[PDB]
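Since every read-out is calculated from the coordinates, none of them should be taken as a lab result. Cβ: placed from backbone, ideal geometry, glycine included. Neighbour counts: every protein chain shown.
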Amino acid sequence: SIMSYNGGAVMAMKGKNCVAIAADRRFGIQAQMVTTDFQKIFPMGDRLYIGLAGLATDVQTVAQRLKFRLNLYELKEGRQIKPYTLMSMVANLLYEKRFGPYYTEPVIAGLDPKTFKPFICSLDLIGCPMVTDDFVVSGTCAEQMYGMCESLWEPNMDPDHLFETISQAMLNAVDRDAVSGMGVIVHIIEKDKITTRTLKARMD
Amino acid sequence: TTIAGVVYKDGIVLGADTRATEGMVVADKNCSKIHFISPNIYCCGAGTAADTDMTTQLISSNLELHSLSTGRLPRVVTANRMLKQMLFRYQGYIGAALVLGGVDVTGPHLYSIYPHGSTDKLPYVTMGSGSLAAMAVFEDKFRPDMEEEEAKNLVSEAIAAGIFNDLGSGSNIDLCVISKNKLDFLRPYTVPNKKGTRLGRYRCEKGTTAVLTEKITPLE
Amino acid sequence: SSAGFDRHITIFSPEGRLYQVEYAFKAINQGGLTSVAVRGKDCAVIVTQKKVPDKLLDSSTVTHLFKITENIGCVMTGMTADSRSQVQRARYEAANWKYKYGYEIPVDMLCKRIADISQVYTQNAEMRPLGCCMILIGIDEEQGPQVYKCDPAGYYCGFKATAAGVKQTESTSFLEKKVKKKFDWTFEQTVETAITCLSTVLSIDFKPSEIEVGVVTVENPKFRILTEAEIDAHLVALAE
Amino acid sequence: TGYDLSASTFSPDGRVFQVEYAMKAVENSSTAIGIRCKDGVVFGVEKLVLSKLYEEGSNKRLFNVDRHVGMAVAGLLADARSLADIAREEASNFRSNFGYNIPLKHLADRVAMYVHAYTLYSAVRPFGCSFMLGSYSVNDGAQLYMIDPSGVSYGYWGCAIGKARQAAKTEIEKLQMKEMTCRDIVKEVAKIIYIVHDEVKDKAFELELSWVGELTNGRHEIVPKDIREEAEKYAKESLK
Amino acid sequence: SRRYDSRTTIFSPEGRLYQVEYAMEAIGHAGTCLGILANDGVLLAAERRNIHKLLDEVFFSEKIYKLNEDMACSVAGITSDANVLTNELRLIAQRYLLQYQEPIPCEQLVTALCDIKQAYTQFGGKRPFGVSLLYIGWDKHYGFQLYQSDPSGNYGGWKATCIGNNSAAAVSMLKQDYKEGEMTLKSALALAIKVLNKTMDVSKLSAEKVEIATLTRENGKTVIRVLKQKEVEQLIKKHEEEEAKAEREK
Amino acid sequence: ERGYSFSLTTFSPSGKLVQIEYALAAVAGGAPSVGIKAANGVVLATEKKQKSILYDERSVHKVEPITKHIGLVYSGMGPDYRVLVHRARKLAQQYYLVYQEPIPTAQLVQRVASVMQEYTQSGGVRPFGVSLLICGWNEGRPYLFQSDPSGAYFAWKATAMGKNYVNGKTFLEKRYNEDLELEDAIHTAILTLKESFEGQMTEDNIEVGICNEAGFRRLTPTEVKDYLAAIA
């Protein structure tokens, strides 16, 4: 398919007071990789990221159009953007191309800019929002990622076991996938600091 | 997806499930398919999820603009006229199955709107994939001028019929009661299904994952 | 005083006035005509004379009473050509309410549409501001009868009994002495005051041919123009 | 002065002089009258021969808008042919959209709004024309209308346009109009033209007569003019 | 139709312009601003024209309009004529970033605005902008920069500047007390308190009447600093202390 | 039209804009009004006189809502007020269609004045003759803003527009203070309205709307007659 042209996987997971997000590193064309440093997670302010998966054209395109509208919003207002406000912003930007759609599926993770309250959501390729309380996934290897998080997620989790759960969720699901792999980067953010780690995966 | 509605002797009862599928995989266990339009009119959606969301916000924006200009309460025939005229112009490319219900000065009114522009005023309607199961409950057990608790028994029975018979449906049951003065919205009403308990401890402790490179960035 | 082109187009004076619109208020007065509206407890009455100076001039093609919709009638003052072009604006946007919104337009919502149009004539500075006046009646659900007035300046307000034309300052001085002294308004109570207010300002005691009476009542909400026979019935009724 | 330049500026007493100037521009033209009997409308236009100036039959001011609708123009000439092109165009769209013949009440209203539209802007001038509208229908009767340069349009039983207007309508009301057949009126209209316009002003004049009615099956055409010749014979019996 | 035109496009019979000179004299009244750099960092001096005691002051930002993560401006002229220009110039800097994914250099942003301001003077008879404004910013090629703007679409590079007619005498002070690369950021600040002491005829230099905003270079952040009202007051008391110290020689 | 598009407002040789100064003269001859922001909500009060005993009072309104938390009054000319109300009604909706969130009160005044400033620079039209007062309790702290026909805008603790607006300006400076309540603010808003009104003050002579954090609310003539006890 068009979604399976380059492949990819984006997973976000809500913890107790922190939130974690992870993605793979492989950039390829249908059988043939090119590099292992293709960025799919982009910062949108502090304590709030966004992940993109699908066709690599629309990954680099939407992440610049969203950054275009974001800097105009944070200069007309004095404050930063709320996570609900960004979800309504992205859903507007995908619905404008209703019939010539972008081939991407965004994942938004972040905290409250006032409290420690986390937030996760994911959207369709035409812009239907969907908020949950445990996890959201996107990419080609979706069904393997549902089998992990339905069997490993717990409600109230410290940032240590949240890191260990989302690590085992990615390393078992992406290695089952063929067109995705070549390393996994994990962002785990909280109220006071941002921790970014790279995992040791199978490079085959 | 199974939505339904009925008109009892004083108002309108709407209902739906909260499952939103994707292909053959359950994507959302708790969706929301009953929408706000005005303080007296709600609407239930079916079909393409983004097409129902972006349409129901535009009409609710226009009726807020209309009623604040008139200074009065909106009418259900106004929202019917906007939807059948908008969807006909887009020639059915916007797939949105709708159930429109509200209480006016003239009383309760119920409509069903098909994604081409054909509209029907009926005392009871069903839309969605499992709409055939709920319609068999309606025709078997309808009588005119029911009470409120008799009608709430009927809709929650009909939505549950689409839960246990259709693959695309099956979750918690929403309800809403719109009357001449009272407005009730029940995001849980009946939980028919649970999840079983986890038997095996699967947790390995912190340190069972190999990490290549870490990075710390403090904030304020 | 004159400054720039304040006497010519729609710009501001140094005092804050603008003269072209207040030149338009006495553009009504060359018609030589006076219209009277009176709202009662369950009825609303328009009354207006006409002048037919020629025997060769017809009788049915003179009347200013203009049926807008089945429930809304109106009367026009000012010059004739600006008055008639105002009417098809009102006829067109009354029908658009039925097509866009389904139900019947209120009498108050129509005067918002008219006065916002007449704003733009004032608001833009390359178009003539249509020196004619507008008076509506109509029945509303749970509100009773109504009487409104639109202006070439573009503002509207409801009334209880308000005349227009040439003789406002004499008629409204009559009605203020008439309304506020605790008068109960039946059907014929409104009609008898509608003739005798005009019959004392103009001092005529007329034949039943010169005047016209449009009526609406909450027993028959249709707008209705009276016949000279039943006009003569009410005319000798106040002749005790 | 100072306020009479554009057609978008009001005078400081409440009127527009550009419309006022174009009205008496119509007054300087020759006399065209009109009248209706109980089953038809009779037109009559005096036309002036200057010295020779044309093949007789040139530029006749009795136009022909529709099969059952006729004109009788006066005032300026070139703008009258423009209004004839508007009125022929308007009756075709009624035929195409609605599928039957245009009523004369609507055809007067659609033209008069178009005449009104050139009285509001500084980019165009008002028309310098005035005319008549005659028709006949078995479901309607005979109707006769009249449009000024300002845009006021209503009915008459008889009217006159030109220099001789008030002096020409004094003897129109002397006739009976209800009981007459139009063939009697054809030789009547000849003498009203022939009484007025003494040859002190212009020595040579010539009479046209147009005629629609029940005898003409609703269709509009000219009189048999060289045929039957009872216009000029019966008119020149006014020698004393 | 033709007699109502104002003809704000024809030259003067002297052989010069006629309408722009009327516009440039409005800038000298209603506002007084300046900015000074000589080393790492740059300041901006503002002045409250309306200082009435019933205003909210809840914007928590003022004439200093932060238009970018590396630039801001100080405007003086017709007030809401700037709000057209500030929203426009903010988007020119942002559509550059969409095109290249690299921050806009401070030079060619000013050229983008000055082509817009000229375009109303070239053709149309549209009323020109009665707006002059300043520029501060950091780039990868020259570091800290100042730019003056004109209603005519003319600009230039500066190191000490002026807007207000009261600040025409400040140019005489800025020729007298300026240095060549010795901007410790207390010497530049005490100079700016010294300028607005003599120029602004409001006595004793109340802290609410003025405003100072600075831009310092961080590691990679380019911190734009709008300093609060407490440290204004100790800077005024510092300058009042230096005036009492310097008068001991007399 | 034809495409003339030339602006009728140019600079003076002194360096001023004359038509904007003349439009402010029409604002100063308008009906008096006042607005006070006191620590929990904003109180707006206008001065509505029917010229005759024949007018209806429940028809024409002055305190006008924009959203469920944003109200707006004026002092100027009547018909030009209803233009930019309907403009601002629609303009609040495109924020809500995009962001799915109620628009902040500072965000309208950015956008409403941008409509109003560009409208003066545009060709072949006069400026408006209406000043505004905008209120709203967005994010706890309430707000009170004032625009004008010159396109500018400000932010007042308490101010007054209309006739005798400098006399009520000195009155609000002495009578009002830093903090009050909502009920104290209505008492002094009528006290500055009684400063310049006519003799009798009834439920129809004035008309008052308020903001709360519970939302924007317009007062009915019952409670205004009820608050008219201990007048001014």
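In the stretch B:48-81, which residues are polar (S, T, N, Q) and more than 14 Å from chain A (Cβ to nearest Cβ)? Can you show your working first?
In the first step, residues of the stretch B:48-81 are kept if they are polar (S, T, N, Q); the result is B:48, B:52, B:55-57, B:60-62, B:67, B:69-70, B:78, B:80.
Within the stretch B:48-81, B:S60, B:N62, B:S67, B:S69, B:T70, B:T78, B:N80 qualify.
Tell me, which strands (runs of 3 or more DSSP E) wholly within the stretch B:134-220 include 1 or more residues that are within 30 Å of A:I194 (Cα to Cα) and within 11 Å of chain A (Cβ to nearest Cβ)? If you could, list the steps in order and put the result at the bottom.
On the way: elements: B:173-178, B:183-190, B:211-218.
Correct list: B:211-218.
As an exercise: evaluate F:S59 against (1) assigned to a helix (DSSP H, G or I); (2) over 13 Å from the mean Cα position of the chain (by Cα); (3) without any contact (Cβ under 8 Å) to a residue 12 or more places away in the chain; (4) within 12 Å of chain C (Cβ to nearest Cβ) and give the number of the one condition it does not meet.
(1)
Restricting to the stretch E:65-92, and then to whatever is facing another protein chain (nearest Cβ under 9 Å) and either of a type in the set (A, V, I, L, M) or touching a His at 6+ places or on another chain (Cβ under 8 Å) (or both), can you tell me which residue is farthest from A:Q64 (Cα to Cα)?
Looking at residues that are facing another protein chain (nearest Cβ under 9 Å) and either of a type in the set (A, V, I, L, M) or touching a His at 6+ places or on another chain (Cβ under 8 Å) (or both), I get E:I78.
Of all the residues that make up the stretch C:104-140, how many are in a loop (DSSP other than H, G, I, E, B) and within 10 Å of C:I72 (Cβ to Cβ)? Don't jump to the end; show me each part of the working.
Initial filter on the stretch C:104-140 (in a loop (DSSP other than H, G, I, E, B)): C:104-106, C:125-133.
Okay, now just the ones that are also within 10 Å of C:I72 (Cβ to Cβ), so C:104-106.
Number satisfying all stated conditions: 3.
Could you list, in sequence order, all residues of the stretch A:13-42 that are out of contact with any helix residue (DSSP H, G or I) (no Cβ under 8 Å at 6 or more places or on another chain) and among the acidic types (D, E)?
A:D37
Within the set of pairs 6 or more residues apart or between chains, which connect a residue that is within 14 Å of chain C (Cβ to nearest Cβ) inside the stretch F:67-82 to a residue that is acidic (D, E) and outside any loop (DSSP other than H, G, I, E, B) with Cβ atoms less than 7 Å apart?
Note: pairs meeting the criteria are F:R82/C:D116.
Given the residues A:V174, A:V184, A:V136, which is the only one that is buried (at least 22 other Cβ atoms within 10 Å of the Cβ), closer than 29 Å to B:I94 by Cβ and more than 9 Å from chain B (Cβ to nearest Cβ)?
A:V136
Out of F:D148, F:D179, report the one residue that is touching a residue at least 24 places away in the same chain (Cβ under 8 Å), farther than 30 Å from B:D53 by Cα and within 12 Å of chain E (Cβ to nearest Cβ).
Details: F:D179 fails: within 12 Å of chain E (Cβ to nearest Cβ).
After ruling out the rest, the residue left standing is F:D148.
Please specify each residue of the stretch C:59-90 satisfying the condition of being among the acidic types (D, E) and surrounded by fewer than 17 Cβ atoms within 10 Å (Cβ to Cβ).
Taking the stretch C:59-90 first, the residues among the acidic types (D, E) are C:70, C:82.
Hit for the stretch C:59-90 is C:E70, nothing else.
Sort through A:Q39, A:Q60, A:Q64, A:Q80 and tell me the only one that's assigned to a loop (DSSP other than H, G, I, E, B), at negative phi and under 17 Å from the mean Cα position of the chain (by Cα).
On the way: A:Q60 fails: assigned to a loop (DSSP other than H, G, I, E, B); A:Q64 fails: assigned to a loop (DSSP other than H, G, I, E, B); A:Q80 fails: under 17 Å from the mean Cα position of the chain (by Cα).
Sole residue among the options that is assigned to a loop (DSSP other than H, G, I, E, B), at negative phi and under 17 Å from the mean Cα position of the chain (by Cα): A:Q39.
Go through the residues of the stretch A:79-88 one by one and say whether even a single one is within 14 Å of chain B (Cβ to nearest Cβ) and of a type outside the set (S, T, N, Q). First the steps, then the outcome.
Taking the stretch A:79-88 as the starting set, the residues that turn out to be within 14 Å of chain B (Cβ to nearest Cβ) are A:80, A:87-88.
Next, from what is left, pick out any that are of a type outside the set (S, T, N, Q): A:87.
Yes, some residue in the stretch A:79-88 is within 14 Å of chain B (Cβ to nearest Cβ) and of a type outside the set (S, T, N, Q).
Let me spell it out: the conditions are (1) within 14 Å of chain C (Cβ to nearest Cβ); (2) assigned to a loop (DSSP other than H, G, I, E, B); (3) under 25 Å from E:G125 (Cβ atoms), and F:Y22 meets all of them except one. Which number is the exception?
(2)
Could you figure out which of (1) without any contact (Cβ under 8 Å) to a residue 40 or more places away in the chain; (2) within 14 Å of the chain's Cα centre (by Cα) isn't true of C:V75?
Every listed condition holds for C:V75 apart from (1).
Could you grab me the full set of residues in the stretch C:7-35 that are in contact (Cβ under 8 Å) with a residue 24 or more places away in the chain, part of a loop (DSSP other than H, G, I, E, B) and more than 13 Å from chain F (Cβ to nearest Cβ)?
C:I28, C:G32, C:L33, C:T34, listed by residue number.
Looking only at the stretch C:4-30, count every residue that is within 17 Å of C:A81 (Cα to Cα) and surrounded by fewer than 21 Cβ atoms within 10 Å (Cβ to Cβ) and tell me the total.
Going residue by residue through the stretch C:4-30, those that are within 17 Å of C:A81 (Cα to Cα) are C:24-30.
Then keep just the ones that are surrounded by fewer than 21 Cβ atoms within 10 Å (Cβ to Cβ); that gives C:25-26, C:29-30.
So the count comes out to 4.
Go through the stretch F:1-17 and give me each residue that's surrounded by 17 or more Cβ atoms within 10 Å (Cβ to Cβ) and either more than 9 Å from chain E (Cβ to nearest Cβ) or not in a loop (DSSP other than H, G, I, E, B) (or both).
F:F11, F:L17
Could you check, for the stretch B:33-44, whether at least one of its residues is within 14 Å of chain A (Cβ to nearest Cβ) and touching a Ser or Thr at 6+ places or on another chain (Cβ under 9 Å)? Walk me through it before giving the result.
So in the stretch B:33-44, the residues within 14 Å of chain A (Cβ to nearest Cβ) come out as B:33, B:35.
Still in the list and also touching a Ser or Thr at 6+ places or on another chain (Cβ under 9 Å): B:33, B:35.
Scanning the stretch B:33-44, I find at least one residue that is within 14 Å of chain A (Cβ to nearest Cβ) and touching a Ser or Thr at 6+ places or on another chain (Cβ under 9 Å), so the answer is yes.
Restricting the search to the stretch A:91-106, which residues are among the hydrophobic types (A, V, I, L, M, F, W, C) and away from chain F (no Cβ under 11 Å)? Give the derivation first.
So in the stretch A:91-106, the residues among the hydrophobic types (A, V, I, L, M, F, W, C) come out as A:91, A:93-94, A:99.
Matches in the stretch A:91-106: A:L94, A:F99.
If I filter the stretch D:9-45 down to residues being out of contact with any helix residue (DSSP H, G or I) (no Cβ under 9 Å at 6 or more places or on another chain) and among the polar types (S, T, N, Q), which single residue comes out as farthest from the other protein chains (Cβ to nearest Cβ)?
D:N28
For A:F119, indicate whether it is more than 14 Å from chain B (Cβ to nearest Cβ) and in contact with a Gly (Cβ under 7 Å, 6 or more places away or on another chain).
Working: more than 14 Å from chain B (Cβ to nearest Cβ): yes; in contact with a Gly (Cβ under 7 Å, 6 or more places away or on another chain): yes.
Yes; evaluated as a whole, the condition is true for this residue.
State all residues of the stretch D:152-167 that are within 14 Å of the chain's Cα centre (by Cα) and aliphatic (A, V, I, L, M); if no residue qualifies, say none. Write out each step before concluding.
So the first thing to find is which residues in the stretch D:152-167 are within 14 Å of the chain's Cα centre (by Cα), and the list is D:153-165.
D:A160, D:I161, D:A164 - these are the residues of the stretch D:152-167 that are within 14 Å of the chain's Cα centre (by Cα) and aliphatic (A, V, I, L, M).
Looking only at residues that are in contact with a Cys (Cβ under 7 Å, 6 or more places away or on another chain) and part of a strand (DSSP E or B) in the stretch C:150-165, which one is farthest from C:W185 (Cα to Cα)?
Once the filter is applied, the top-ranked residue is C:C150.
So which residues in the stretch E:1-23 are in a loop (DSSP other than H, G, I, E, B), of a type in the set (A, V, I, L, M) and surrounded by 14 or more Cβ atoms within 10 Å (Cβ to Cβ)? Quick ask: steps written out before the conclusion?
Keep residues of the stretch E:1-23 that are in a loop (DSSP other than H, G, I, E, B), which gives E:1-19.
Okay, now just the ones that are also of a type in the set (A, V, I, L, M), so E:10, E:17.
Result: E:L17, single match.
Against the definition (charged (D, E, K, R) and more than 19 Å from E:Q229 (Cβ to Cβ)), how does E:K66 come out, yes or no? Give the steps one after another, and end with the answer.
Values: charged (D, E, K, R): yes; more than 19 Å from E:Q229 (Cβ to Cβ): no.
Spelling it out, it is not the case that E:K66 is charged (D, E, K, R) and more than 19 Å from E:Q229 (Cβ to Cβ).
For F:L108, only one of the following conditions fails: (1) more than 9 Å from every other protein chain (Cβ to nearest Cβ); (2) farther than 25 Å from F:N177 by Cβ; (3) out of contact with any helix residue (DSSP H, G or I) (no Cβ under 8 Å at 6 or more places or on another chain). What is its number?
All conditions are met except number (3).
If I go through the stretch E:48-64 residue by residue, how many of them are more than 11 Å from every other protein chain (Cβ to nearest Cβ) and without any contact (Cβ under 8 Å) to a residue 40 or more places away in the chain?
The initial filter retains those residues of the stretch E:48-64 that are more than 11 Å from every other protein chain (Cβ to nearest Cβ), namely E:48-49, E:51, E:62-64.
After this cut, where a residue has to be without any contact (Cβ under 8 Å) to a residue 40 or more places away in the chain as well, the list is E:49.
Number satisfying all stated conditions: 1.
Against the condition surrounded by 13 or more Cβ atoms within 10 Å (Cβ to Cβ), of a type in the set (F, W, Y) and touching a strand residue (DSSP E or B) at 6+ places or on another chain (Cβ under 8 Å), how does D:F43 come out, does it pass?
On the way: surrounded by 13 or more Cβ atoms within 10 Å (Cβ to Cβ): yes; of a type in the set (F, W, Y): yes; touching a strand residue (DSSP E or B) at 6+ places or on another chain (Cβ under 8 Å): yes.
Taking the combined requirement at face value, the residue satisfies it.
Listed residues E:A26, E:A45; which is farther than 26 Å from F:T159 by Cα, crowded, with 22+ Cβ neighbours inside 10 Å and within 13 Å of chain F (Cβ to nearest Cβ)? Steps first, please.
Values: E:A45 fails: within 13 Å of chain F (Cβ to nearest Cβ).
From the options E:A26, E:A45, the qualifying one is E:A26.
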